[PDB]
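Since the structure comes first, as structure tokens, the remarks are kept for the end.
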Amino acid sequence: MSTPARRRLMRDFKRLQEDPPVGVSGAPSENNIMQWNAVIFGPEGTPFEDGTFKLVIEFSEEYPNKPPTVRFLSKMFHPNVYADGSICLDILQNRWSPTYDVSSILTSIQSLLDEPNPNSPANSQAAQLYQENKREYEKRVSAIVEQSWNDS
């Protein structure tokens, strides 16, 4: 029924309103405290700067420091992605510190767009094309972005 992990999430939300992260947003809209609504925009000086990407962060009633779960709602091509669509970040592991806030997870992925980690990539196909054929990779970026570029 109740838990400590839930209470913490409530303290983070109010703290988010006081001073939310610039460039990325992550707050619950209609979905319960479990599911949240977050969106990340491409960094400056990248083919994603003009594009828009939305992602959801699924929390668990396990522990306030237990490795959470996150995944993009829109199916797009990325240099590194899991079969479930999750993102490969050091935060996803036990390296996550209970000192930081949810904003840290939003900025973590934002920076990933700028430059991924060649250290054990999830999608070798993309990571390879990045150093092989840039013309083939760029087309994949603008293509996936165009789909979620305009919905109206």
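Ligands are numbered from 1 in the order shown, chains are lettered A, B, ... in the order of the structure tokens, and residues start at 1 in each chain.
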Can you pull out every residue from chain A that DSSP, working from the backbone, puts in strand (DSSP E), and format the result as a PDB file with N, CA and C atoms, in the first residue's frame?
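Final file, part39.pdb:
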ATOM      1  N   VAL A  24      15.698  19.975 -20.574  1.00  0.00           N
ATOM      2  CA  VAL A  24      14.960  18.726 -20.423  1.00  0.00           C
ATOM      3  C   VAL A  24      13.913  18.834 -19.322  1.00  0.00           C
ATOM      4  N   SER A  25      12.766  18.197 -19.539  1.00  0.00           N
ATOM      5  CA  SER A  25      11.683  18.219 -18.564  1.00  0.00           C
ATOM      6  C   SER A  25      11.289  16.803 -18.163  1.00  0.00           C
ATOM      7  N   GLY A  26      10.976  16.616 -16.885  1.00  0.00           N
ATOM      8  CA  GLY A  26      10.580  15.304 -16.407  1.00  0.00           C
ATOM      9  C   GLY A  26       9.654  15.376 -15.209  1.00  0.00           C
ATOM     10  N   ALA A  27       8.351  15.425 -15.474  1.00  0.00           N
ATOM     11  CA  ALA A  27       7.357  15.497 -14.408  1.00  0.00           C
ATOM     12  C   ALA A  27       6.100  14.710 -14.771  1.00  0.00           C
ATOM     13  N   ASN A  37       6.071  11.781 -17.209  1.00  0.00           N
ATOM     14  CA  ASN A  37       6.160  12.316 -18.564  1.00  0.00           C
ATOM     15  C   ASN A  37       7.386  13.213 -18.699  1.00  0.00           C
ATOM     16  N   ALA A  38       8.374  12.754 -19.462  1.00  0.00           N
ATOM     17  CA  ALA A  38       9.600  13.519 -19.660  1.00  0.00           C
ATOM     18  C   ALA A  38       9.946  13.657 -21.139  1.00  0.00           C
ATOM     19  N   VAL A  39      10.598  14.762 -21.484  1.00  0.00           N
ATOM     20  CA  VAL A  39      11.003  15.019 -22.860  1.00  0.00           C
ATOM     21  C   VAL A  39      12.415  15.597 -22.914  1.00  0.00           C
ATOM     22  N   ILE A  40      13.218  15.103 -23.849  1.00  0.00           N
ATOM     23  CA  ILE A  40      14.588  15.574 -24.008  1.00  0.00           C
ATOM     24  C   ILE A  40      14.820  16.124 -25.412  1.00  0.00           C
ATOM     25  N   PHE A  41      15.373  17.329 -25.483  1.00  0.00           N
ATOM     26  CA  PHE A  41      15.655  17.967 -26.764  1.00  0.00           C
ATOM     27  C   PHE A  41      17.130  17.821 -27.122  1.00  0.00           C
ATOM     28  N   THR A  52      12.982  16.632 -31.816  1.00  0.00           N
ATOM     29  CA  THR A  52      12.412  16.479 -30.482  1.00  0.00           C
ATOM     30  C   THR A  52      12.237  15.006 -30.125  1.00  0.00           C
ATOM     31  N   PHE A  53      12.589  14.652 -28.892  1.00  0.00           N
ATOM     32  CA  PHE A  53      12.470  13.272 -28.428  1.00  0.00           C
ATOM     33  C   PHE A  53      11.809  13.208 -27.056  1.00  0.00           C
ATOM     34  N   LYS A  54      10.844  12.305 -26.912  1.00  0.00           N
ATOM     35  CA  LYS A  54      10.135  12.129 -25.647  1.00  0.00           C
ATOM     36  C   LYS A  54      10.438  10.753 -25.061  1.00  0.00           C
ATOM     37  N   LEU A  55      10.622  10.689 -23.747  1.00  0.00           N
ATOM     38  CA  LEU A  55      10.916   9.423 -23.081  1.00  0.00           C
ATOM     39  C   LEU A  55      10.187   9.325 -21.742  1.00  0.00           C
ATOM     40  N   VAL A  56       9.958   8.096 -21.288  1.00  0.00           N
ATOM     41  CA  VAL A  56       9.260   7.862 -20.028  1.00  0.00           C
ATOM     42  C   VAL A  56      10.157   7.159 -19.014  1.00  0.00           C
ATOM     43  N   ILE A  57      10.034   7.555 -17.749  1.00  0.00           N
ATOM     44  CA  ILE A  57      10.823   6.955 -16.679  1.00  0.00           C
ATOM     45  C   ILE A  57       9.929   6.161 -15.736  1.00  0.00           C
ATOM     46  N   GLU A  58      10.061   4.842 -15.776  1.00  0.00           N
ATOM     47  CA  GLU A  58       9.265   3.972 -14.918  1.00  0.00           C
ATOM     48  C   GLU A  58       9.976   3.732 -13.590  1.00  0.00           C
ATOM     49  N   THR A  69      14.021   2.271 -14.139  1.00  0.00           N
ATOM     50  CA  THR A  69      13.896   1.858 -15.531  1.00  0.00           C
ATOM     51  C   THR A  69      13.438   3.024 -16.398  1.00  0.00           C
ATOM     52  N   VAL A  70      14.082   3.190 -17.548  1.00  0.00           N
ATOM     53  CA  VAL A  70      13.736   4.270 -18.464  1.00  0.00           C
ATOM     54  C   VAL A  70      13.813   3.807 -19.914  1.00  0.00           C
ATOM     55  N   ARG A  71      12.942   4.360 -20.754  1.00  0.00           N
ATOM     56  CA  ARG A  71      12.910   4.003 -22.168  1.00  0.00           C
ATOM     57  C   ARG A  71      12.143   5.044 -22.979  1.00  0.00           C
ATOM     58  N   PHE A  72      12.555   5.232 -24.230  1.00  0.00           N
ATOM     59  CA  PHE A  72      11.907   6.197 -25.114  1.00  0.00           C
ATOM     60  C   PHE A  72      10.565   5.671 -25.613  1.00  0.00           C
TER      61      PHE A  72
END
task = Per DSSP on the backbone, filter chain A down to the residues in alpha helix (DSSP H) and report them as a count of residues only.
result = 50
Counting only C-alpha atoms, which residues in range 2-94 of chain A sit no more than 10 Å from range 115-122 of chain A? For each one, give the nearest pair of atoms and the distance in Å, sorted by chain then residue number, as a Markdown table.
| residue | atom | partner | partner_atom | distance |
| --- | --- | --- | --- | --- |
| A:46 | CA | A:115 | CA | 9.8 |
| A:78 | CA | A:122 | CA | 9.3 |
| A:79 | CA | A:116 | CA | 7.2 |
| A:80 | CA | A:122 | CA | 4.4 |
| A:81 | CA | A:122 | CA | 5.4 |
| A:82 | CA | A:122 | CA | 6.3 |
| A:83 | CA | A:122 | CA | 9.1 |
| A:87 | CA | A:122 | CA | 9.1 |
| A:88 | CA | A:122 | CA | 7.6 |
| A:89 | CA | A:117 | CA | 9.0 |
Each residue of range 42-65 of chain A with at least one atom at most 10 Å from range 130-141 of chain A should appear once, together with its nearest atom pair and the corresponding distance in Å (one decimal); atoms considered: only C-alpha atoms; ordering: chain, then increasing residue number; output as JSON lines.
{"residue": "A:47", "atom": "CA", "partner": "A:141", "partner_atom": "CA", "distance": 7.1}
{"residue": "A:48", "atom": "CA", "partner": "A:141", "partner_atom": "CA", "distance": 7.8}
{"residue": "A:51", "atom": "CA", "partner": "A:141", "partner_atom": "CA", "distance": 9.5}
Residue subset to file, keeping N, CA and C atoms, as a PDB file, in the first residue's frame:
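Result went into again30.pdb, see below:
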ATOM      1  N   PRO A  47      22.523  17.311 -34.966  1.00  0.00           N
ATOM      2  CA  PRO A  47      21.397  17.087 -35.879  1.00  0.00           C
ATOM      3  C   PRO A  47      20.088  16.845 -35.134  1.00  0.00           C
ATOM      4  N   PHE A  48      20.159  16.841 -33.806  1.00  0.00           N
ATOM      5  CA  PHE A  48      18.981  16.616 -32.977  1.00  0.00           C
ATOM      6  C   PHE A  48      18.500  17.918 -32.340  1.00  0.00           C
ATOM      7  N   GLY A  51      15.415  18.601 -33.732  1.00  0.00           N
ATOM      8  CA  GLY A  51      14.486  17.513 -33.491  1.00  0.00           C
ATOM      9  C   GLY A  51      13.997  17.458 -32.056  1.00  0.00           C
TER      10      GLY A  51
END
Determine, using only C-alpha atoms, which residues of range 25-93 of chain A have any atom at most 9 Å from an atom of range 4-20 of chain A, and tabulate each with its shortest atom pair and distance in Å to one decimal place, rows ordered by chain and then rising number, as a Markdown table.
| residue | atom | partner | partner_atom | distance |
| --- | --- | --- | --- | --- |
| A:25 | CA | A:20 | CA | 7.1 |
| A:26 | CA | A:20 | CA | 8.4 |
| A:27 | CA | A:13 | CA | 6.8 |
| A:28 | CA | A:13 | CA | 8.2 |
| A:33 | CA | A:9 | CA | 7.7 |
| A:34 | CA | A:6 | CA | 8.6 |
| A:60 | CA | A:5 | CA | 7.8 |
| A:61 | CA | A:5 | CA | 5.8 |
| A:62 | CA | A:5 | CA | 7.0 |
| A:63 | CA | A:5 | CA | 5.4 |
| A:64 | CA | A:5 | CA | 4.5 |
| A:65 | CA | A:5 | CA | 8.3 |
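Taking CA of residue 93 in chain A as the reference point, CA of residue 67 in chain A is found at 6.1 Å.
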ask   = Using only C-alpha atoms, which of A:103, A:2, A:123, A:111 sits nearest residue 21 in chain A?
value =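 Counting only C-alpha atoms, the residue closest to residue 21 in chain A is A:103.
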key: Selected residue, from A:50, A:59, A:148, A:143, that lies nearest to residue 35 in chain A when counting only C-alpha atoms   =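 Smallest distance to residue 35 in chain A is found for A:59.
Between CA of residue 66 in chain A and CA of residue 91 in chain A the interatomic distance comes to 10.7 Å.
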